[PDB]
Structures are given as C-alpha cells and as structure tokens.
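Single chain ahead, written as structure tokens, the form deposited in one PDB entry.
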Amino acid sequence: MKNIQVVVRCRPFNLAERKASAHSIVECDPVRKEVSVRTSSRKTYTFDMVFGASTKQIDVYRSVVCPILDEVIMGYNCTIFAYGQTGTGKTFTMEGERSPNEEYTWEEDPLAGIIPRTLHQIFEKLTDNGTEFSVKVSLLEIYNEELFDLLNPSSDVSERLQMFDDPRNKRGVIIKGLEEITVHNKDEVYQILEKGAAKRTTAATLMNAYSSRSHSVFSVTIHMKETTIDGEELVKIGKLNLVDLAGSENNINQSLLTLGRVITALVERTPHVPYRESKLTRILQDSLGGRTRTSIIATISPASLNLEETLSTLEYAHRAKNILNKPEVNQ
C-alpha cells in the first residue's frame, strides 16, 4: 500500500577530507533526484529526494518533514530514521546543533534540525487548527542492547529499562518506566531538549564510543479530539518517531546487524523477519513492513576518504525503497 520513502543528504567537505579533483566524486542532482558517484566510471542511484552539500536545515525540514507532520496530524504513525557513516550528519539532520553566544533563539537557530523545528511547528499548526490536543515526548537510547532514558528527571542515567510486548499492539513494545513528558506549549520545549542533551553527555562518560554506537529514539505522541457531524467524539493519536541510528560502519552491534537482516528479509520477501532478535527492531517492528509511514534519510560524505562507506550507504538505502508498509490511522 505504501513504499518506504528514501532520501539522501550529502554534507559539505569537512576539515579532514582532501578534494584533489576538479569534478566531484559525488554529484547530487535534486531535480532528477539522482546521486552519482565516481568510483571515469560512475554509479547513479535514483531516490525519492536528493539534497546536496549546500542544502540548509530549513530546506530539509520543509521538503521532508512538513508533509510527514501533516500525516501525523491525520493520526498516522510515522518514522523518520537517519542512516549513514559516523561523521556524515545523522545527528546534525535529526537534532541539529545550538549556535553560540545566544546569537539566536532556539526557534530561529539556523543550525537547529528536525526535532526542534517539528516540536515548534506542532504548536503553531494545532493552535490555529482550533483542535483540542496534548503532546508528550520521550527520548530513549539503545547501546549494547540496553535502554537508557534521557528524560527521566530524577534517576542516574545508568539505571537501564526493560521492554515487553504490548498487549494492545501485535507489532509493538512498551518500555517500562520510560519517562513521557507532556509539553504544554512551545516555551516548555527547549528545557526538555536541554535536559536530554545533558544527560546524554553523562552517558557518554560511562560507555565506549557512545555517540557512534548508540541509536537515539525521540518519540512525539499527539492526542487530538474532534467532534463528528453525527455528534460523536473522535480521538486520534498521531505518533512521530525520529530515529538517529548507530553509525553504519560498525551485542555492541546486535541492533544494527539485525536491522540489516530485517531489511534484507523484507525486500527478498523471505518468510521470517527477525524483528525479535534486537531491541531496535522490536521497537521499530511497525516502521519496517507494518502500519507506519516510514522515511529514511541516508547521509553520505562527498570525499574520496569515505567513498567505500558512502557507496555501502547508498546501496543499503536504495534497496530499502522496496519495503512495502500498510499505513493506518489511529481513529
């Protein structure tokens, strides 16, 4: 009923990456939705969208997210994940960065990414939509098949959580004791994101290469109530999972491995999908051949230094376009 959407975002050259050649190793054509990689031999790939090195945060938000936010408001469950090599900009894409000197408010920070922009817009849209709504958020991270809660205000970050099958959703799990924070208005957004980032820093001191090996799952749930013309009360639940995956180059890698095998199983129509075999694929079962509208943002480098991982990423992402989901609205 609906293919997983796959898009590619190339970042600029970083301070490490040498460009020797007059014509780009990696060419992005947003109009033709093509990425072309000089391995004079060039492999070309078509995707649903393509964003070259110059693409700004606001452009990614407008092109990818705005349409997905509308699906969320219709009561679809939606998932956007960032996939790619460490250093290519998964976190830059999904979260962004904070500009220094407080030269900008968080709402106008041009380095801000999907999560802060999305949260701001939810309030803008639903307030002048007139509708009765509440928003709650959670931030869960997975490292070494263990579950870290970054929004719990009270506990040590080293107090890890447990997962169990949802009696109310054949393809879902409940994270027991996961902190779910009600965001009453947009002026409560920043302090939440701040607490999440700070607590992550604490996690990074406890675990080897935490940034690059961890998966980050930021969940926003919107309860919306509507009156029908026949005078009945309609409750819709829209859900957005914004997922920043472990670096593609990587028990430490069980979740990333199993995601691989799950994707392979779905595209090759093999009959057993091993969702159950890692924490990430249990949490995202529904995003991967289930009842969710899913997008992948594949992040890549333009540089010869990182060409092999860039090629693996493109091939991995490109195959995922064949995954068929069956989107359904929550009333």
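In this text, the rigid core denotes the largest set of C-alpha atoms whose superposition between the two forms falls within 1.5 Å. The first residue of the shown sequence is 1; numbering continues from there.
One more form of this protein exists, namely the form deposited in another entry; it is left out here, but the text below deals with it.
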Shifting its Cα by 2 Å or more between this form and the one not shown with the rigid core aligned, the only one of 26, 296, 300, 288 is 288
After fitting the rigid core, is the C-alpha of residue 201 off by 2 Å or more between this form and the one not shown?
-> yes
Taking the rigid core as reference, does residue 322 move its C-alpha 2 Å or further between this form and the one not shown?
-> yes
Post core alignment: residue 170 C-alpha displaced by 2 Å or more between this form and the one not shown = yes
CA-CA separation of residue 89 and residue 23, closer or farther in that other deposited form than in the form shown [shift of 3 angstroms or more] = closer
Given that the distance between the C-alpha atoms of residue 239 and residue 269 changes by 3 Å or more in that other deposited form, do they end up closer or farther than here?
-> closer
